[PDB]
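For reference, the structure is listed below as structure tokens.
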Amino acid sequence: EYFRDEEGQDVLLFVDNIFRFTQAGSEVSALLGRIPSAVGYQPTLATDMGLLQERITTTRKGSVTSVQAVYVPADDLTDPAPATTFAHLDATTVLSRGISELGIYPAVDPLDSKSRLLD
Amino acid sequence: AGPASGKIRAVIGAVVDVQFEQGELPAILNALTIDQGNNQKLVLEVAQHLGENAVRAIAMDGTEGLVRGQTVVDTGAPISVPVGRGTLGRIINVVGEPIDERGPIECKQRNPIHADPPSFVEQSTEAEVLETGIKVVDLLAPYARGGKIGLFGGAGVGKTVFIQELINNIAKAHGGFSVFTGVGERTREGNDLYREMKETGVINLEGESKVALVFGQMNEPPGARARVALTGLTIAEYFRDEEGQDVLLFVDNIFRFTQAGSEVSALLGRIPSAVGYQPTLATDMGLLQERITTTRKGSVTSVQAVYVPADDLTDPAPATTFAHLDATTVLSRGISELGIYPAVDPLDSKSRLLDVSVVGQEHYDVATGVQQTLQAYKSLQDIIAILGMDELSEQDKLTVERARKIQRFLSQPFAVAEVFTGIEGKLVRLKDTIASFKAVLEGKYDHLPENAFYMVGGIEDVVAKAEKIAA
Amino acid sequence: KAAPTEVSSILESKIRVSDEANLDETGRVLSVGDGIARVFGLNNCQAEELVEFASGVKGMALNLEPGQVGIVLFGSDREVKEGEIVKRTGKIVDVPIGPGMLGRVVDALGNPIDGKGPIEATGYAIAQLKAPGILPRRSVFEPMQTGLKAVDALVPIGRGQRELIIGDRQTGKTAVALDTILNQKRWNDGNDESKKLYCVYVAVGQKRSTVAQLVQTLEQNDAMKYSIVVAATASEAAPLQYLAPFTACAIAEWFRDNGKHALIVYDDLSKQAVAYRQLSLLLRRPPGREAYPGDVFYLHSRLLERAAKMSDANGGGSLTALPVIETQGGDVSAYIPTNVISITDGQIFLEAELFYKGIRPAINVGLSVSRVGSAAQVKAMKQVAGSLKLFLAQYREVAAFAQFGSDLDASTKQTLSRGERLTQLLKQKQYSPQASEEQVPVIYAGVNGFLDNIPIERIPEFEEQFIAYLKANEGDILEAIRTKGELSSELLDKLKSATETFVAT
Amino acid sequence: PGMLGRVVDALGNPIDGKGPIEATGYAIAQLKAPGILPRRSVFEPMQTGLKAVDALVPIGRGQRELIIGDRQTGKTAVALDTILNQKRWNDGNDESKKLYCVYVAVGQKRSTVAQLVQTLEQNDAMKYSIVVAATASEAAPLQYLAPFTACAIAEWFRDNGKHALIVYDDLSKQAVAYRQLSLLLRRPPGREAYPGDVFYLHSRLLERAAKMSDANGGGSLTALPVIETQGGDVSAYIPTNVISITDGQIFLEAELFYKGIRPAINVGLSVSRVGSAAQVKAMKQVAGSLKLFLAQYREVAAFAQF
Amino acid sequence: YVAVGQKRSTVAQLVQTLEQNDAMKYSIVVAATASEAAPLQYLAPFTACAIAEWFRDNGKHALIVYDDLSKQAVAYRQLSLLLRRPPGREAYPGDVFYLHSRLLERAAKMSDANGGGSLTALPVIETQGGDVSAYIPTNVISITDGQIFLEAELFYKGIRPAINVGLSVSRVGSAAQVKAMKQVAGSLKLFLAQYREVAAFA
Amino acid sequence: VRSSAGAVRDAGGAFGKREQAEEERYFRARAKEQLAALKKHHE
Amino acid sequence: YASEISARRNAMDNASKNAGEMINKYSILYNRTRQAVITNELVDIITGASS
Ligand SMILES: Nc1ncnc2c1ncn2[C@@H]1O[C@H](COP(=O)(O)OP(=O)(O)OP(=O)(O)O)[C@@H](O)[C@H]1O
Ligand SMILES: Nc1ncnc2c1ncn2[C@@H]1O[C@H](COP(=O)(O)OP(=O)(O)O)[C@@H](O)[C@H]1O
Ligand SMILES: Nc1ncnc2c1ncn2[C@@H]1O[C@H](COP(=O)(O)OP(=O)(O)O)[C@@H](O)[C@H]1O
Ligand SMILES: [Mg+2]
Ligand SMILES: [Mg+2]
Ligand SMILES: [Mg+2]
């Protein structure tokens, strides 16, 4: 964020993985005295994930893109760690295992990868 | 004498807090006597100490009638029980008293129920097989001599009938003495087990007995059910260490020991674990299972029975006991409804004596061939429910008929289950069960029907049933 | 971070002189609400003792602390306030018993609720009593005739055993226990005390209209004169419904310890578990599984272990327990469902699929079983229906083959036709119990193949015509099966010849 | 090096009855793991002995291979065969080819620890293998600290110039001992009745077994944790935390063990994160063509009935 | 428009599109991002209803859009879980159904003696995989007079918007409609639901 | 991938009841032919 | 025989397509039941430890 506000450049942040940030926040909250939420998650799930995702936006001097790797829990997109991070994701780079060895470099799915800026 | 007298300060359920003096407080796992209105006493085992000259004790009986400020004397040691040859034939309780109305147990010594287990240097490994008499137990999961045996099963599958049928053909002809310690049983099961042993020569009231009876079903409170396993194991451990005899501990059921401690764990100040269990589940189950092993002084073949909660092997009381048992006889509820007596799983049951170096090269090939044919029939049965029998070829048609006859041949009629089946009891040896299973897998009994092997013995009973059914 | 007991009000009395009045036999109510009542004092009060307040409501001190005493009120807490006097009776939670309690609808404490004045009690027994030992118990050899044809031949119950009744709502749970009490009128109206069995209905958790409708049907059929009714509705306190199982067992134990037979019906077992967890949660106690107490399995196992058959040296009596388990959608793998099925000697599964089609009662032969076996049944019913347990399993597998398109199997045509007629003949109507002489003739004609040539719709008319012809023509064959209770060589030849000639009008 | 040949407990005391142990140092149990600058690539190959483990999921020195599976399906069978197969390199003179085993029996009974130690001594395999005895009959502090005490003794060989191989048997028993002591110390619980540091307790002990570079000594340490699953569910609470922190997992199903596969090792579920970089060049030529033929035959295995 | 639970970049882009089409001059915008506290997002529904109630009590119509209703339920449960309360279904307190029913009951139509105004409520429920039988899904459908189900299957095929005729209905929508559109669309709701079931089996 | 070794008969629904009835009907028809051929070969 | 084999291929494709839709609906119900079982079991241990 310092390169976009002081120097003015479109920086790209990578958080590998995105599922590790949500699980680390509930560990320190449960050991302090806070009660759990659904699926053993922390009560401030929407407040902890929104404080770090709102800072990587576009300002008057520059922008800050985010390319985190979201991991679904046990192949479930309706969980508390998958549905909370998908509300702030504008694009998606799904890399299925159908290509790879088929002859595509890289394995980019043209039908599974969707984005909200394709209008 | 300077007795440690205590005052009752709190009483909620089985937990009773006793307040004594400074310095004269009793230790943990100590029996505390209490004078009531009858001729008996109120035994109370000290669990933990809350502090301020007070310790929380767990009563082993009814807590009704205790007022605030009653006298609570301390015995100084733990729960003493009668050991030796005097306990054979009598019905002992959790505190070591007789409940058979046959006078007092004339014992010269009294050992405590709380004791440490054996060390790693005192352990003696073995690889001997024990013949039980069943066709499904002598071919699949063989029982080890001197090890822990677990009969896993649900409610109504056949857990109580499996321990009663094995004691009438192994414990009655063994050189050592038996130790039937029932924990968490029923009221009708205790009276039926004592009358059957007297008519067969296991418990003689006027002669000699070789079976220790330890009462303690679900009719008492939570303190007596949790201490029933420690009181029954103390009498069997003295016969294998001081006397040097192959004792046989029969626990029924083994799942009641873990469920009894979780009932009083909420009132003792402990947080609950998973599925409403206690946090010390792996510590309390390992302290009692390690003491019933085989050392250098003698062996101890424990034949306990585990009760699965509503047919679930992934529970915290069933999965924690599978690592401390050599032979596991898991039972399924689906095989009991089809007519298999008993419902012995040929694929879920495993044992450490099912190798080629213990049972031989001939017995190892028969066990692997029977398990491969039963496992392959499950995959072929799913295709017949959607496509039919037209998709099966010559090899698939012969494998389906051989798998049905092999499952009914391992189910033999027990001697204790003669009132529900109607036929007589049959007992097959270890050599006759291996010879009959190898001949059916080669193609020597392919022309016989499936009804000739159901509820039969060995190879001799299968040939006589086919000729009588065709006439 | 602090502690209770001495706080503000209770902390200003120990600094001067806290004496004068005695605090051992009586006590002051410091806090009360939601049934619980924290009484400050009562040093001489024992555990589970009957407490009497100043307003007239009874109490039971179950939680004794060091500064207070948690007592559970047996009624309404609207008249109990802070600072009320709570006297101690000096005894425990007892109830009335004796032979004079038959014919009046008592409550959970022994008080009469039917309006017949006082109860002629001959003794005073405690509610929390010890069960029988292994030396004072014998084998279940007596036969409990319930009246149903599908219960007396399959899972037969005896005097001293505990038979559960699992099932959903409106499936046949309460109807199975009511039919067994009315079927004992043939032995209780005579003079044989060894064959009579007194009923003991303990309606716990039911409504007000359900308890009044069941007592009115038994009085019109000459069955309420020897039956104890324990009224325990859900509109009372939590301590009255939870103690309904212990109070009803003490009254029925007086007849088994003298030389008579008793039959207790705990309807239902699911309502007793919810009442015990409500009083324990309000007394500041930790919960267990499914928001219940720690000793949930020990509360139901201790009350059912006392109903056992005594030996010959104890009097020769027995006590039958009929606990109904209310399931939710046929789920038997719950917490309160699996705990009661592993303590009783058998269970009667009542499915909701066969109850709506018309097969009343819906008793599954492949799920319900009896742990007593053939020893708890009569010799007459076991001879004519020896293969009744094996015919139900073979007919179930052959019935599913008709919906696949197979029309062959000439040898299986006799077994498939006999299985459909045997299930309709064993299904009886409500309040229509049969004796041992009428059920032995109906089971012999359906198992030997004599009912295979009749129609399926005429199965109801064939049962009434066969029983009427055997009472006016060959009356000697019906009286021999009830007095002797068995059938030898002469009885088997006379019963087979009369059934074959009666099929042709 | 004096602890090789004797069975020690959780605190370092010898329980085999062979006298004292000549200890050359004292290391703490809660030690820090290696950094990102003192670690190198996995180039050495770990000879396990199995034909289906040396060709498919080949493990290397410094990686963490999980041994998932159900009850009695090949959990401890793969770890016992890999330690006994190192007799061809430990009996020679090459110190870089040898690998000292470190079996840490945690949660097992007293009879299971005595049977495993007697089988290794008869085949000349107990002279260079550490045994950490930790039965379930002791307290909750001794069983929970069995993973940290066994990792500290095996780290002395990797920091000098030798190789080590730890076998935490089992990973499911270590998680139950840590949650029992935290529940009695007045602490808040979390998911599946566990503490807040459930994922950090297993990741800290598994990250210390890495492969060092040439500037640190050239040693490595292998971690073979066995995850005892319930009924084949690999996506549980303690099963998903050990598979995400390790660089590979070997699945073991109960259905393939009764058919004829010895041992039951699913090729479609087990994979290694190192690939062919930590294997021999002679075995890599035959494993390349066998991987494509095994994957195509598994998807077309349903046509075998017709 | 009451944007509760949305991101910071989504609230700024939606306000710029309405001002370019002459639609932001008579519309209230209640910004309530997820980066603030848990008390600001939970009180966004009650604060937006008080500003729109002034026009209905004087003689004007108002239209409130609570986007979204699923985001407001997660913010209220965070403050209740930290105050040591009892969690019921889906880790929610006992007053979860009373918070959404009290804020939606005020958006009603007044009579002629109160001014003649009305207030329309448009709550958006974010379902998790089409689960309409959830704890927060059944509480909003039992207090509102109709719903508009948006299936994700027809939205990816080109049918925008994916409005299911067999699931979405209106209670007071028949008498509160235009007479010209209802006469030309004779049996339009019944013919649309029967055509979807016949086309799926052919 | 997922375990399905005998999942049809372990469920107990419509597919589980039809699999047990089909195997019992085929075994009952084959038992009649084997019993009749064994009695004629012994005399 | 050719018409019966062609009709059997269309019935097998329709049965495989109908099984995929039922497996997708059962996976959504199993995912919601797995998350509700973890929340209900954790609420029972937190209620007993706080009383
Ligand atoms: N490849 C194999 N071939 C033959 N037998 C095997 C093989 N793998 C394992 N076994 C048998 O399985 C038994 C148990 O093996 P192992 O010790 O690996 O599992 P376990 O630790 O007993 O499992 P659990 O802890 O669930 O009881 C051994 O007695 C062994 O004989
Ligand atoms: N060999 C057998 N043949 C027929 N029935 C049996 C056999 N073994 C057990 N059973 C039946 O299994 C039932 C077991 O009942 P019970 O002991 O109450 O439950 P559990 O076995 O789960 O403890 C008995 O009623 C008995 O009829
Ligand atoms: N043999 C029978 N014939 C006809 N109806 C019956 C029979 N047995 C029971 N029923 C019906 O079943 C209903 C049971 O009602 P109820 O006792 O309230 O529920 P439950 O039986 O589940 O306790 C009764 O209304 C009665 O009409
Ligand atoms: Mg039993
Ligand atoms: Mg009823
Ligand atoms: Mg192992």
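Residue numbers (the working numbering), protein chains in the order written: chain A, 1 to 119; chain B, 120 to 590; chain C, 591 to 1095; chain D, 1096 to 1401; chain E, 1402 to 1603; chain F, 1604 to 1646; chain G, 1647 to 1697. Heads up, the beta-carbon is just placed ideally off N, CA and C, and yes, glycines get one too.
- Bounds of the alpha helix (DSSP H) holding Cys1450(E) are 1445 to 1457.
- For a Cβ distance threshold of 8 Å, residue set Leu45, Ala46 of chain A lies close to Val1475(E), ordered along the chain.
- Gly295(B) is the residue among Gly295(B), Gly309(B), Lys584(B) whose C-alpha sits nearest the C-alpha of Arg204(B).
- For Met1668(G), there is no enclosing beta strand (DSSP E); the residue is part of the alpha helix (DSSP H) that begins and ends at 1648 to 1695.
- Taking 8 Å as the upper bound on Cβ-Cβ separation, chain G lies near residues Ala385, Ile390, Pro391, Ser392, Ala393, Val394 of the segment 381 to 394 of chain B.
- Within 6 Å of the C-beta of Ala274(B) there is at least one heavy atom belonging to ligand 2.
- In the pairwise beta carbon analysis, the segment 248 to 256 of chain B is classified as not touching the segment 1206 to 1224 of chain D: fewer than three pairs are separated by under 8 Å.
- In this structure, the C-beta of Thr1171(D) approaches ligand 6 to less than 6 Å from one of its heavy atoms.
- DSSP places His851(C) within a strand segment (E or B) once states are collapsed to three.
- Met650(C) is classed as buried because its beta carbon has at least 16 other beta carbons within 10 Å across all chains shown.
- Counting only the Cα atoms, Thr928(C) lies some 29 Å from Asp697(C).
- Looking at the backbone, the Cα of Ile411(B) and that of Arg346(B) are separated by about 15 Å.
- The C-beta of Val1689(G) comes closer than 7 Å to at least one C-beta of chain E.
- A distance below 7 Å separates the beta carbons of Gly700(C) and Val685(C).
- Classified as buried, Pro1140(D) has 16 or more neighbouring CB atoms from the shown chains inside 10 Å of its CB.
- Contact annotation: in the segment 1282 to 1302 of chain D, residues whose CB is within less than 8 Å of a CB in chain B are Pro1284, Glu1287, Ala1288.
- DSSP links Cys789(C) through a beta bridge to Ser817(C), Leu853(C).
- Beyond the five residues adjoining it in sequence on each side, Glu710(C) comes within less than 6 Å, by CB distance, of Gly690 in the same chain, given in chain order.
- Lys972(C) has its alpha-carbon roughly 56 Å from the corresponding atom of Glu1233(D).
- Look at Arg798(C): its beta carbon is at least 6 Å from all of the heavy atoms in ligand 3.
- By a beta-carbon distance limit of 8 Å, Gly737(C) does not contact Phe945(C). Their separation comes to about 18 Å.
- Within chain B, the residues placing a beta-carbon under 8 Å from that of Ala1695(G) are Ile390, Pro391, ordered along the chain.
- Listed along chain G are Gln1681, each with a C-beta nearer than 7 Å to that of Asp79(A).
- Between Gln494(B) and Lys1354(D), the gap from beta carbon to beta carbon is short of 7 Å.
- In terms of CA proximity to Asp1042(C), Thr1013(C) leads the group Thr1013(C), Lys861(C), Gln1020(C), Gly995(C).
- Taking a beta-carbon distance threshold of 7 Å, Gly1530(E) counts as an interface residue toward chain G.
- Under the three-state reduction of DSSP output, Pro829(C) falls in the helix class.
- Here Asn288(B) is not bridged, per DSSP, to any residue.
- From the listed residues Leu1237(D), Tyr1239(D), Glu1302(D), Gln1210(D), the smallest Cα separation to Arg1134(D) is found for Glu1302(D).
- Under a criterion of Cβ atoms nearer than 7 Å, the residues of chain B adjacent to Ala637(C) are, in order, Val130, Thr182, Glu183, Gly184, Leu185.
- The three-state reading of DSSP puts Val1599(E) in helix, counting H, G and I together.
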